[PDB]
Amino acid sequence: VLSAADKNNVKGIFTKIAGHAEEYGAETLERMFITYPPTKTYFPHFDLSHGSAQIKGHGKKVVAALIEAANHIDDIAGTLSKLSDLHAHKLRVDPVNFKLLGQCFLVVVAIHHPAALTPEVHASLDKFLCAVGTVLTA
């Protein structure tokens, strides 16, 4: 599970993320769509060109949901269970895709806050993202 150090490491890095939800979320999605083009299949209703209004709005929601889970890190499943039915039942998102989006989020964090993303913080954030992915695929 998430240790006490994991939780403080995650909360610590998110003090740098929390003010950039739209910017970092949009960049995470744009990186995912360009690096892993098959992920575009889940967004046929979107304009997927750079900086489109739909990508910006959706990216803000994704990161906002992560911030929610960070604020209630003691029960991530309780905060995000409302997204489980959407992703696992309605959308049928292949579980491999959560690792792809998580990789893109870590790249965004590394680009903007390289000194904060130490090996130990990286380890904690990987466990946090894996825990979120398990809730959303449940």
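Residue indices: 1-based, along the sequence shown.
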| item | value |
| --- | --- |
| Mean Cα B-factor comparison, 106-114 or 72-80, giving the higher one as deposited | 72-80 |
| Mean Cα B-factor comparison, 117-125 or 17-25, giving the higher one as deposited | 17-25 |
| Given 95, 57, 37, 51, the residue at which the Cα B factor reaches its maximum | 51 |
| Third of the chain's Cα B-factor distribution that residue 89 belongs to, per the entry | highest |
